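I have placed the structure first, in the form of structure tokens, so that the comments after it can refer back to it.
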Amino acid sequence: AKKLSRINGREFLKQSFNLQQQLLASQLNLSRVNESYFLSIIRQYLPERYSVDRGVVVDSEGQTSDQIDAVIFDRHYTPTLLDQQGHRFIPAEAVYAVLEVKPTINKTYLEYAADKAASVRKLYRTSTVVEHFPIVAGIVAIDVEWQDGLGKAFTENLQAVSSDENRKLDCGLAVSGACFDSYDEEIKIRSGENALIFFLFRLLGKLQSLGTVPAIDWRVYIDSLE
Amino acid sequence: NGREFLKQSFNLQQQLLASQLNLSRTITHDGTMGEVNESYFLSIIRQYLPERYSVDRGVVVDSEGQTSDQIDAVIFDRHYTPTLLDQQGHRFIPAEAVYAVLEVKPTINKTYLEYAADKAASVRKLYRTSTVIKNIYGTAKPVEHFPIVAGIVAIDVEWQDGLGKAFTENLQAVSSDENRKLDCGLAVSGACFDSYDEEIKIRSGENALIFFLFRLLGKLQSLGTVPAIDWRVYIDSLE
Amino acid sequence: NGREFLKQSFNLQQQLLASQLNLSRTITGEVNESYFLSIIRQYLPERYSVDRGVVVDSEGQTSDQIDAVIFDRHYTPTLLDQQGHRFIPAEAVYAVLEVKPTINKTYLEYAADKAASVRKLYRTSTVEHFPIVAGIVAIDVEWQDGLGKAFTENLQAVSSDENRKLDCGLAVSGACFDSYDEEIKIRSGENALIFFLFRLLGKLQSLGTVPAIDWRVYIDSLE
Amino acid sequence: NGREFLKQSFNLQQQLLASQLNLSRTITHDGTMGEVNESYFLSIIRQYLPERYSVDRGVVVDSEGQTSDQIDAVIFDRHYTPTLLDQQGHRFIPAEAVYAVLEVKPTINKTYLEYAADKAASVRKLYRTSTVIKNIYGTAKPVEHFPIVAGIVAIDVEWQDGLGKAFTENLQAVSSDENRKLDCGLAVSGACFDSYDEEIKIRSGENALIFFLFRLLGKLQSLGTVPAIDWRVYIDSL
Amino acid sequence: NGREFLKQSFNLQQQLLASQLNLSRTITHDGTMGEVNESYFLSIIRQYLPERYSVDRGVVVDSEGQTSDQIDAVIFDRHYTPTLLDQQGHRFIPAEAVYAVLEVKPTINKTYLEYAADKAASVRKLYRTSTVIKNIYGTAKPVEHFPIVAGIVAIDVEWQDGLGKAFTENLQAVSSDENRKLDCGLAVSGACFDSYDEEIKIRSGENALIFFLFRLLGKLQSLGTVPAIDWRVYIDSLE
Amino acid sequence: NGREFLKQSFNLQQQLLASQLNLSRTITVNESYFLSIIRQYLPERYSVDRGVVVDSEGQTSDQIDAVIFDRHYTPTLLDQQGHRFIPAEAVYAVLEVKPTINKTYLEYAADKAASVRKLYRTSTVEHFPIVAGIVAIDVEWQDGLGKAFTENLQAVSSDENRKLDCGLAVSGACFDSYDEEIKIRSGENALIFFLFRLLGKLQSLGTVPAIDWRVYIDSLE
């Protein structure tokens, strides 16, 4: 029976996120993956101005992304195309970020997550009523396959994919205890029990910097219909 | 394909709504079609609309104590606006929170156009305050009220030629008073109309629902958010 | 007509709340804040959230437990909490309300202590703050005078420390007060709940939306 | 104390219900330009009843394709019964799942008693199957359907004597046909009745709602759960 | 492996609950400036229990008008039992609907065992009717009531030896009066007990929560469904 | 007519399901579309969700697209919607959602079913066979559910662990062996037939039997 010492607000904050980090790792290590676990947690965390769900992004020209594990998008200003939870059909102009859930962070899964991101970023976003911002993209996994962790070879893998802004992966989380992002230009990496709280707050900081998706004339979606 | 899936999503919903509205018709003693249940239309337009909009059946009220008639689908704000301790299916909605009002009726004909217009007038006649809360060092935003949107949703159109010349002449007659104007309408059999661009624009066929919803969304978007008002006008008269 | 239905829709809820809080007082622990939370949650614009919990700041300090925190969730992240036991960052808080058995000196001082425990918390400016509203909700008023001389002196007394100021209160038996217009304004009778709620909303409106701060101040000292 | 809190919990909801239904009756011009709004009544009876009972506006259907009239408040099963892919506010309900039907109307008088009895008949005339899966003779008791309960909820009572002599004469007349029987009613002004014990039992005053609801529950409980039947009768004709 | 995921699912929830109750302890100065917040325990036991069981904070009432003390977590029926028009967080529960009551306290010690026992007794002393409704043929099935289960939930155990000799003597002393018997308890730091097998069985360590929950499930299961009784006994005294 | 409304409601949902599953195929299918409909249809005594089945000996199934299971008498192992962790004794049926009904995906769905049926179900306090099926957009054979199909299905059903009792193609086909003989329907009523026949089969199983859940904790220390 554990002797529990007295807690304060900072330790409760840390435990509230790290215990959920452990839960997610247990859940993902089993499903070897089911993104539902991650969706629950990031949905619970994000400000209500953000919605997050699995689905497909569409544009007003009728092109679609691949299937995306976690799309972070607007519903406050944006119509719903008569979809339901777990299977969204999301206008491209509503999208803030896309995250792909995979078993591990290696070169194969980073390329696959970048493929997914490019299928969303290539879609057409109207400016009929605007300053569109780049969609944030990332990868979520249990662990990192490299001995190095998120080390030499990992950083080298982003650099070679640096050229194509559509394949860019802005951020990532290994719930075993590592995260990265490039929100500050330089790639910043963290390790350990706070990886989840770091990933989530850094992502919220990046989303915040982008502001609300610009308001657009949704009737571009019906212009070619009869 | 993305465009076909968009078309199909809405058209299959259009067909579902037509079937449900028909299933819901009251049984008459005179062999006519009967009145319809609005609730499935509400669930669809609620699902569709951006979350800044709320929509429900209810009565609109103003700070002088006047009420509208019952409205099948009031589109209104809840992000900035209090609730008057009402319930799903019977909202009691302050007039300053109202964007639009829609009546769900059996058919588009002269009777139900006039009826929907009478409902619309009973909301548009309500008083909307321009009082705002003290703004101490802030730049004052003068409250500019927009006209409330009103419309009709029905199963079909009684005119054999649909939304044709006789329909349009009736709509104009009805809408020759601004309080009674019907901005828009939908027959889920396959027709919709609106005067959002001044000229009456009419569509027919499988895309009537998707056109009606996206056109309404664009009109709502042009209205902006209801202007902030001092809600205490609602308590100023009370003992 | 509409004014009478307006009055009834609130007054019957005032009576329902007085009935439940009256029961809770005879049974008692502390009086159960649940009915009050459900009513003020139903009333408030959706830009405001309201729940029981604890306020926390980026330096790790916490408030006392608060029966009803009115706070933002549209722009503010959730610290992985759940209904009935929120863990709310200080910069998201608009108001705090304590539900107590009665409005008297003891429970006014108690509510003021709870308010100070929230107002002492640090709110970052990293990217100007408004004063948090604080108040008391109770069944009745202990003085046979009501919200009279002894009440005014006691409110004036606690409200001399700005951390302890109680801006407002409600006795669901039929009394409310606030200092939103500087002068203490008192109302009595069947419309106390509707007055309390609309006046509180007007005060909240004047505060504006919580300012957008850089939430990463909450992780800056983690390793 | 506990009994006083019980009384107030129901009587204050009775007052809230009376307030809203009175408003709706006025705004619909006495149920002529619109239907009295049943939403507050639905929320209260849903909240009160055990979860084994569902309640909503809808239309009842049987396996032969016959449909009832629209009903303001159907009390029905969803624990053992499939849903026919509907949404809240307009249910498409198989007849074998129905416990009770209640009509919400402007007033209790001859006109609306006859109207409500006609609605009740449109439901009770539907066919309820006695077919069960694994129907081997001698292995189970045959299904025995119970009589569906029907009633009327209104703002007030129009007769000069309230729920007196003319009322009971009218009730007995519509109820001489088992299909048309009205078992119970509630006037939110403060009166209720039922024939659950054969004798017409009437209550008046502040406890009308609590009596109506507890007496209705007692009648429902005496019926038991809807009998389990073979839902494939609904597809056998297709 | 499925068994490790089972263990971790429950042990991580145990740590989460310990963490939340640890904070509540500190914030309330060990329950001296407010009660420990039961609602995180409620959410977990509500998630775990089969849907035949409802769980919430409230007061138990009987048909004679008597009430219990406030109870942190009543486990009760809603499938067959009416609601007395209450709300989440403050239920007003008929006594015939109650399976179990649990009190969340700062710690397991003599003071709080006695306090949890006094709460349990305030529920068990309430009158449960045996009146039963006749069916359409005039026949009612007699019923018999089971004893209500009661327990205590806390962050830790104050005694140096945990759930050892002093604890056992105190639990036996409290429980020698059946009204006050505490059948079970959980210290979320890592210990649980029950007397479901007519002898006190104690577990400690990382599996305390999963043991407590599954043992309580088994006890509830043995009770069966609450007996079906005539709810109109609640209205028999009213005019 | 009521039967026409009944038919129209289900067939329109069949068409919507076909359209939804077809979009996630062209892109690659997403089972959540199907889960929503079957959940809406089934009596509330049934729960349905994606997840993993587990037994008291710690073994697990493969991931299952749609498990039909009890939550009225059965505890929840502190899971959440979209990834359930379901005791084997709570399970009525499993269904795998795949692009098409053909040999390959019939074998894949049979494999999933075996991974659930192999699990140990305690009798501490007799067990019904778990129902297993496939849901798909269309049928590969030009024959439809033809002679090739029945030959392939009865090959898979030589092992009771791998039996596929039923299946649905939302293009307009369904089958089951609930009556021993394989019964096939085609056309616009495929969804309503599949769902009501499944409902009848579930009804025949009765409620999952009550068990002593202490077997899930017996080996923990």
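Ligands are numbered from 1 in the order shown, chains are lettered A, B, ... in the order of the structure tokens, and residues start at 1 in each chain.
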List the neighbours of residue 149 of chain E out to 7 Å using only C-alpha atoms; skip same-chain residues closer than 5 positions along the sequence, and give me the result as a PyMOL selection string.
chain E and resi 99-101+183
Dump N, CA, C and O atoms for the selected residues as a PDB file, in the first residue's frame?
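New file again10.pdb:
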ATOM      1  N   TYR E  99     -29.389  -0.456  -3.555  1.00  0.00           N
ATOM      2  CA  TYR E  99     -28.539  -1.624  -3.397  1.00  0.00           C
ATOM      3  C   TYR E  99     -27.432  -1.414  -2.365  1.00  0.00           C
ATOM      4  O   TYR E  99     -27.142  -2.329  -1.585  1.00  0.00           O
ATOM      5  N   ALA E 100     -26.809  -0.239  -2.377  1.00  0.00           N
ATOM      6  CA  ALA E 100     -25.581   0.002  -1.623  1.00  0.00           C
ATOM      7  C   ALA E 100     -25.394   1.496  -1.418  1.00  0.00           C
ATOM      8  O   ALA E 100     -25.906   2.328  -2.176  1.00  0.00           O
ATOM      9  N   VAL E 101     -24.637   1.826  -0.369  1.00  0.00           N
ATOM     10  CA  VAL E 101     -24.251   3.195  -0.081  1.00  0.00           C
ATOM     11  C   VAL E 101     -22.782   3.201   0.297  1.00  0.00           C
ATOM     12  O   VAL E 101     -22.330   2.334   1.043  1.00  0.00           O
ATOM     13  N   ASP E 183     -19.755  -3.257   5.141  1.00  0.00           N
ATOM     14  CA  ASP E 183     -19.445  -4.491   4.444  1.00  0.00           C
ATOM     15  C   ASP E 183     -18.124  -4.440   3.708  1.00  0.00           C
ATOM     16  O   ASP E 183     -17.563  -5.489   3.423  1.00  0.00           O
TER      17      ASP E 183
END
Restrict the distance test to only C-alpha atoms, flag each residue of chain C within 6 Å of chain E, and return the flagged residues as an MDAnalysis selection string.
chainID C and resid 27 34 64 84
Using only C-alpha atoms, I'd like every residue of chain F that has an atom within 10 Å of chain D; please write them out as a PyMOL selection string.
chain F and resi 1-7+9-10+13+37-46+189+192-193+195-201+203-204
Include N, CA and C atoms and write out the residues we just selected as an mmCIF file, in the first residue's frame.
data_model
loop_
_atom_site.group_PDB
_atom_site.id
_atom_site.type_symbol
_atom_site.label_atom_id
_atom_site.label_comp_id
_atom_site.auth_asym_id
_atom_site.auth_seq_id
_atom_site.Cartn_x
_atom_site.Cartn_y
_atom_site.Cartn_z
ATOM 1 N N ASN F 1 -49.034 3.660 -47.096
ATOM 2 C CA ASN F 1 -48.995 2.389 -46.377
ATOM 3 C C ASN F 1 -47.779 2.286 -45.461
ATOM 4 N N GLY F 2 -47.985 1.667 -44.300
ATOM 5 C CA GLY F 2 -46.913 1.592 -43.319
ATOM 6 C C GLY F 2 -45.764 0.734 -43.787
ATOM 7 N N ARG F 3 -46.062 -0.364 -44.490
ATOM 8 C CA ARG F 3 -44.966 -1.190 -44.970
ATOM 9 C C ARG F 3 -44.108 -0.440 -45.986
ATOM 10 N N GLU F 4 -44.708 0.451 -46.781
ATOM 11 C CA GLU F 4 -43.921 1.240 -47.724
ATOM 12 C C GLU F 4 -43.016 2.224 -46.990
ATOM 13 N N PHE F 5 -43.534 2.892 -45.963
ATOM 14 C CA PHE F 5 -42.668 3.753 -45.149
ATOM 15 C C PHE F 5 -41.542 2.956 -44.500
ATOM 16 N N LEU F 6 -41.865 1.763 -43.981
ATOM 17 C CA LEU F 6 -40.855 0.907 -43.360
ATOM 18 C C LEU F 6 -39.756 0.572 -44.364
ATOM 19 N N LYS F 7 -40.166 0.118 -45.545
ATOM 20 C CA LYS F 7 -39.225 -0.244 -46.597
ATOM 21 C C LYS F 7 -38.373 0.936 -47.007
ATOM 22 N N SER F 9 -37.616 3.774 -45.378
ATOM 23 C CA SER F 9 -36.685 4.188 -44.347
ATOM 24 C C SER F 9 -35.427 3.326 -44.365
ATOM 25 N N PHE F 10 -35.592 2.005 -44.420
ATOM 26 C CA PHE F 10 -34.425 1.139 -44.373
ATOM 27 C C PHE F 10 -33.655 1.191 -45.678
ATOM 28 N N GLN F 13 -31.490 4.222 -45.887
ATOM 29 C CA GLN F 13 -30.299 4.065 -45.046
ATOM 30 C C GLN F 13 -29.296 3.087 -45.666
ATOM 31 N N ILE F 37 -25.531 2.855 -37.500
ATOM 32 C CA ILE F 37 -26.835 2.348 -37.943
ATOM 33 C C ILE F 37 -27.248 1.139 -37.118
ATOM 34 N N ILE F 38 -26.352 0.169 -36.950
ATOM 35 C CA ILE F 38 -26.757 -1.026 -36.213
ATOM 36 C C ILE F 38 -27.034 -0.672 -34.760
ATOM 37 N N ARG F 39 -26.258 0.271 -34.188
ATOM 38 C CA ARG F 39 -26.552 0.728 -32.829
ATOM 39 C C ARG F 39 -27.929 1.381 -32.760
ATOM 40 N N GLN F 40 -28.248 2.234 -33.729
ATOM 41 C CA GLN F 40 -29.554 2.884 -33.730
ATOM 42 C C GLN F 40 -30.672 1.855 -33.834
ATOM 43 N N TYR F 41 -30.459 0.780 -34.613
ATOM 44 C CA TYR F 41 -31.497 -0.230 -34.856
ATOM 45 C C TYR F 41 -31.716 -1.159 -33.656
ATOM 46 N N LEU F 42 -30.636 -1.633 -33.046
ATOM 47 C CA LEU F 42 -30.743 -2.734 -32.094
ATOM 48 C C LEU F 42 -31.464 -2.290 -30.827
ATOM 49 N N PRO F 43 -32.253 -3.177 -30.227
ATOM 50 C CA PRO F 43 -32.777 -2.920 -28.879
ATOM 51 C C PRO F 43 -31.666 -2.535 -27.900
ATOM 52 N N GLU F 44 -32.034 -1.728 -26.903
ATOM 53 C CA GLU F 44 -31.054 -1.181 -25.970
ATOM 54 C C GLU F 44 -30.414 -2.239 -25.082
ATOM 55 N N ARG F 45 -30.958 -3.454 -25.011
ATOM 56 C CA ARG F 45 -30.263 -4.512 -24.296
ATOM 57 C C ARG F 45 -28.946 -4.866 -24.965
ATOM 58 N N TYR F 46 -28.774 -4.527 -26.253
ATOM 59 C CA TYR F 46 -27.514 -4.756 -26.962
ATOM 60 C C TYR F 46 -26.692 -3.470 -27.002
ATOM 61 N N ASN F 189 -34.155 -4.423 -50.160
ATOM 62 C CA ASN F 189 -34.446 -4.793 -48.780
ATOM 63 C C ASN F 189 -33.328 -5.585 -48.101
ATOM 64 N N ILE F 192 -32.802 -4.322 -44.373
ATOM 65 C CA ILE F 192 -33.865 -4.624 -43.415
ATOM 66 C C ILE F 192 -33.926 -6.132 -43.155
ATOM 67 N N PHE F 193 -33.690 -6.959 -44.179
ATOM 68 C CA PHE F 193 -33.638 -8.402 -43.949
ATOM 69 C C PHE F 193 -32.482 -8.757 -43.024
ATOM 70 N N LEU F 195 -30.907 -7.039 -40.828
ATOM 71 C CA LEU F 195 -31.028 -6.565 -39.454
ATOM 72 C C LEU F 195 -32.112 -7.329 -38.691
ATOM 73 N N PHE F 196 -33.274 -7.539 -39.306
ATOM 74 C CA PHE F 196 -34.332 -8.276 -38.613
ATOM 75 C C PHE F 196 -34.002 -9.761 -38.445
ATOM 76 N N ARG F 197 -33.325 -10.385 -39.426
ATOM 77 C CA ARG F 197 -32.900 -11.778 -39.240
ATOM 78 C C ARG F 197 -31.857 -11.890 -38.132
ATOM 79 N N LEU F 198 -30.869 -10.999 -38.142
ATOM 80 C CA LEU F 198 -29.909 -10.943 -37.043
ATOM 81 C C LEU F 198 -30.623 -10.759 -35.708
ATOM 82 N N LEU F 199 -31.571 -9.812 -35.651
ATOM 83 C CA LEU F 199 -32.329 -9.581 -34.416
ATOM 84 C C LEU F 199 -33.007 -10.863 -33.949
ATOM 85 N N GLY F 200 -33.601 -11.607 -34.883
ATOM 86 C CA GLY F 200 -34.256 -12.855 -34.512
ATOM 87 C C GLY F 200 -33.270 -13.872 -33.976
ATOM 88 N N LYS F 201 -32.070 -13.935 -34.585
ATOM 89 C CA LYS F 201 -31.033 -14.856 -34.125
ATOM 90 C C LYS F 201 -30.552 -14.470 -32.729
ATOM 91 N N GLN F 203 -32.301 -12.888 -30.541
ATOM 92 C CA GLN F 203 -33.381 -13.148 -29.599
ATOM 93 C C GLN F 203 -33.316 -14.597 -29.140
ATOM 94 N N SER F 204 -32.944 -15.496 -30.057
ATOM 95 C CA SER F 204 -32.872 -16.924 -29.763
ATOM 96 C C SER F 204 -31.729 -17.261 -28.811
#
Using only C-alpha atoms, find which residues of chain E lie within 8 Å of chain A and jot them down as an NGL selection string.
:E and (1-2 or 5 or 8-9 or 12 or 15-16 or 19-20 or 22-23 or 26 or 189-191 or 204-206)
Can you list, as a ChimeraX atom specification, every protein, DNA or RNA residue that comes within 9 Å of residue 142 of chain A when you count only C-alpha atoms, leaving out same-chain residues fewer than 4 positions away?
/A:24-26,28-29,101-105,173-177
Output of the above residues as a tab-separated table (two decimals), in the first residue's frame, restricted to N, CA and C atoms:
chain	number	residue	atom	x	y	z
A	24	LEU	N	-2.60	6.02	-22.34
A	24	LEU	CA	-2.56	5.97	-23.80
A	24	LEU	C	-1.51	4.97	-24.29
A	25	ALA	N	-0.36	4.91	-23.62
A	25	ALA	CA	0.66	3.96	-24.07
A	25	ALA	C	0.21	2.52	-23.87
A	26	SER	N	-0.44	2.24	-22.74
A	26	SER	CA	-0.99	0.91	-22.50
A	26	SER	C	-2.02	0.56	-23.55
A	28	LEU	N	-2.45	1.90	-26.63
A	28	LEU	CA	-1.88	1.74	-27.96
A	28	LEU	C	-1.02	0.48	-28.06
A	29	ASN	N	-0.22	0.18	-27.03
A	29	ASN	CA	0.58	-1.04	-27.05
A	29	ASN	C	-0.28	-2.29	-27.21
A	101	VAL	N	-1.94	8.40	-36.45
A	101	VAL	CA	-1.55	7.54	-35.34
A	101	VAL	C	-0.98	6.25	-35.90
A	102	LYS	N	0.22	5.91	-35.47
A	102	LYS	CA	0.99	4.79	-35.98
A	102	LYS	C	1.62	4.03	-34.83
A	103	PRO	N	2.10	2.81	-35.08
A	103	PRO	CA	2.72	2.05	-33.98
A	103	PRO	C	4.02	2.65	-33.51
A	104	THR	N	4.84	3.17	-34.42
A	104	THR	CA	6.13	3.72	-34.03
A	104	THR	C	6.51	4.85	-34.98
A	105	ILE	N	7.49	5.63	-34.54
A	105	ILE	CA	8.09	6.66	-35.38
A	105	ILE	C	9.35	6.06	-35.98
A	173	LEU	N	4.49	12.87	-31.37
A	173	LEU	CA	4.46	12.35	-30.02
A	173	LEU	C	4.69	10.86	-30.04
A	174	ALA	N	5.66	10.39	-29.27
A	174	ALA	CA	5.75	8.99	-28.88
A	174	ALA	C	5.34	8.91	-27.41
A	175	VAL	N	4.19	8.30	-27.13
A	175	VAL	CA	3.68	8.33	-25.76
A	175	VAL	C	4.51	7.52	-24.78
A	176	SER	N	5.44	6.69	-25.26
A	176	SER	CA	6.45	6.11	-24.37
A	176	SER	C	7.28	7.18	-23.68
A	177	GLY	N	7.37	8.38	-24.26
A	177	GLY	CA	8.04	9.49	-23.60
A	177	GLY	C	8.91	10.35	-24.48
Just asking: which residues within segment 47-175 of chain B are strand (DSSP E) according to DSSP, as JSON, numbers by chain?
{"B": [54, 55, 56, 57, 58, 59, 60, 61, 67, 68, 69, 70, 71, 72, 73, 74, 75, 76, 91, 92, 93, 94, 98, 99, 100, 101, 102, 103, 104, 105, 106, 107, 108, 149, 150, 151, 152, 153, 154, 155, 156, 157]}
Requested write-out: N, CA and C atoms of the selected residues, as a CSV table (one decimal), in the first residue's frame:
chain,number,residue,atom,x,y,z
B,54,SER,N,-28.1,28.0,-32.9
B,54,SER,CA,-28.9,27.0,-32.3
B,54,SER,C,-30.2,27.1,-33.0
B,55,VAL,N,-31.0,26.0,-33.0
B,55,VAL,CA,-32.2,25.9,-33.7
B,55,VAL,C,-33.2,25.0,-32.9
B,56,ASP,N,-34.4,25.4,-32.7
B,56,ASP,CA,-35.4,24.6,-32.0
B,56,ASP,C,-36.7,25.3,-32.2
B,57,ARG,N,-37.8,24.5,-31.8
B,57,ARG,CA,-39.1,25.0,-31.8
B,57,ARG,C,-39.4,25.9,-30.6
B,58,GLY,N,-40.1,26.9,-30.8
B,58,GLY,CA,-40.5,27.7,-29.6
B,58,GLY,C,-41.2,29.0,-29.9
B,59,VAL,N,-41.2,29.8,-28.9
B,59,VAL,CA,-41.9,31.1,-29.0
B,59,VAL,C,-40.8,32.2,-28.8
B,60,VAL,N,-40.9,33.3,-29.5
B,60,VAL,CA,-40.0,34.4,-29.3
B,60,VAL,C,-40.7,35.5,-28.4
B,61,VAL,N,-39.9,36.1,-27.5
B,61,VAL,CA,-40.5,37.0,-26.6
B,61,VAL,C,-39.6,38.3,-26.6
B,67,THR,N,-45.2,38.3,-27.2
B,67,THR,CA,-44.7,37.1,-27.8
B,67,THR,C,-45.1,36.9,-29.2
B,68,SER,N,-44.3,36.1,-29.9
B,68,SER,CA,-44.7,35.7,-31.3
B,68,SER,C,-45.6,34.5,-31.2
B,69,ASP,N,-46.0,34.0,-32.3
B,69,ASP,CA,-46.7,32.7,-32.4
B,69,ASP,C,-45.7,31.6,-32.2
B,70,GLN,N,-46.2,30.4,-32.1
B,70,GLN,CA,-45.2,29.3,-32.0
B,70,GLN,C,-44.5,29.1,-33.4
B,71,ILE,N,-43.2,29.0,-33.4
B,71,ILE,CA,-42.4,28.8,-34.6
B,71,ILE,C,-41.7,27.4,-34.6
B,72,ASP,N,-41.8,26.7,-35.7
B,72,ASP,CA,-41.3,25.3,-35.7
B,72,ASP,C,-39.7,25.3,-35.6
B,73,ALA,N,-39.1,26.3,-36.2
B,73,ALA,CA,-37.6,26.2,-36.2
B,73,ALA,C,-37.1,27.7,-36.1
B,74,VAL,N,-36.7,28.1,-34.9
B,74,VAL,CA,-36.1,29.4,-34.6
B,74,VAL,C,-34.6,29.2,-34.7
B,75,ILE,N,-33.9,29.9,-35.5
B,75,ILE,CA,-32.5,29.9,-35.6
B,75,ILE,C,-32.0,31.1,-34.8
B,76,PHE,N,-31.2,30.9,-33.7
B,76,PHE,CA,-30.9,31.9,-32.7
B,76,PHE,C,-29.6,31.7,-32.1
B,91,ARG,N,-38.7,26.3,-26.6
B,91,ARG,CA,-37.9,27.4,-26.2
B,91,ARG,C,-38.6,28.7,-26.1
B,92,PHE,N,-38.1,29.6,-25.3
B,92,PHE,CA,-38.7,30.9,-25.0
B,92,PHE,C,-37.6,31.9,-25.2
B,93,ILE,N,-37.5,32.5,-26.4
B,93,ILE,CA,-36.3,33.0,-26.9
B,93,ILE,C,-36.4,34.5,-27.0
B,94,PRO,N,-35.4,35.3,-26.4
B,94,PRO,CA,-35.5,36.7,-26.6
B,94,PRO,C,-35.3,37.1,-28.0
B,98,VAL,N,-32.5,36.3,-32.3
B,98,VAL,CA,-33.1,35.6,-33.4
B,98,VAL,C,-32.5,36.0,-34.8
B,99,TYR,N,-32.0,35.0,-35.5
B,99,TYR,CA,-31.5,35.1,-36.9
B,99,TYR,C,-32.6,34.9,-37.9
B,100,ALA,N,-33.4,33.8,-37.7
B,100,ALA,CA,-34.3,33.3,-38.7
B,100,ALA,C,-35.4,32.5,-38.1
B,101,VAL,N,-36.5,32.4,-38.8
B,101,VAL,CA,-37.6,31.6,-38.4
B,101,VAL,C,-38.1,30.8,-39.6
B,102,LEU,N,-38.3,29.5,-39.4
B,102,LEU,CA,-38.8,28.6,-40.5
B,102,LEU,C,-40.0,27.9,-40.0
B,103,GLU,N,-41.1,27.8,-40.8
B,103,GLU,CA,-42.2,27.0,-40.5
B,103,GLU,C,-42.3,25.8,-41.4
B,104,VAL,N,-42.6,24.6,-40.8
B,104,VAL,CA,-42.7,23.4,-41.5
B,104,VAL,C,-44.2,23.1,-41.7
B,105,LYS,N,-44.6,23.0,-43.0
B,105,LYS,CA,-46.0,22.9,-43.3
B,105,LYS,C,-46.2,21.8,-44.3
B,106,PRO,N,-47.4,21.4,-44.6
B,106,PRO,CA,-47.6,20.2,-45.5
B,106,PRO,C,-47.2,20.5,-47.0
B,107,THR,N,-47.5,21.7,-47.5
B,107,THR,CA,-47.4,21.9,-48.9
B,107,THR,C,-47.1,23.4,-49.1
B,108,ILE,N,-46.5,23.8,-50.2
B,108,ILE,CA,-46.4,25.2,-50.6
B,108,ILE,C,-47.6,25.5,-51.4
B,149,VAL,N,-34.7,36.7,-41.0
B,149,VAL,CA,-35.0,35.8,-42.2
B,149,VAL,C,-36.2,34.9,-41.9
B,150,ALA,N,-37.1,34.7,-42.8
B,150,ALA,CA,-38.2,33.8,-42.6
B,150,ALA,C,-38.4,33.0,-43.8
B,151,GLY,N,-38.9,31.8,-43.6
B,151,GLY,CA,-39.2,30.8,-44.7
B,151,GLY,C,-40.1,29.7,-44.3
B,152,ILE,N,-40.3,28.9,-45.3
B,152,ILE,CA,-41.3,27.8,-45.3
B,152,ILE,C,-40.6,26.5,-45.8
B,153,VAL,N,-40.8,25.4,-45.1
B,153,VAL,CA,-40.3,24.1,-45.5
B,153,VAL,C,-41.6,23.2,-45.6
B,154,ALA,N,-41.7,22.4,-46.7
B,154,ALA,CA,-42.9,21.6,-46.9
B,154,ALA,C,-42.5,20.4,-47.7
B,155,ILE,N,-43.5,19.5,-47.8
B,155,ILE,CA,-43.4,18.2,-48.5
B,155,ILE,C,-43.3,18.5,-50.0
B,156,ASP,N,-44.3,19.3,-50.6
B,156,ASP,CA,-44.4,19.4,-52.0
B,156,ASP,C,-45.0,20.8,-52.3
B,157,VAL,N,-45.4,21.0,-53.5
B,157,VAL,CA,-45.8,22.3,-54.0
B,157,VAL,C,-47.2,22.0,-54.7
Using the chain letters and numbers from this document, which residues of segment 3-101 of chain A does DSSP assign to alpha helix (DSSP H), as a ChimeraX atom specification?
/A:9-31,36-45
Please identify all polymer residues within 12 Å of residue 113 of chain F, counting only C-alpha atoms, omitting same-chain residues fewer than 6 positions from it, and present them as a PyMOL selection string.
chain F and resi 52-53+60-67+91-96+106-107+119+129-134+156-157+159-166
Against chain F, which residues of chain A fall within 6 Å? For each one I want the closest pair of atoms and the distance in Å (one decimal), counting only C-alpha atoms, rows by chain and increasing residue number, as a Markdown table.
| residue | atom | partner | partner_atom | distance |
| --- | --- | --- | --- | --- |
| A:36 | CA | F:82 | CA | 5.5 |
| A:66 | CA | F:27 | CA | 5.7 |
| A:86 | CA | F:32 | CA | 5.7 |
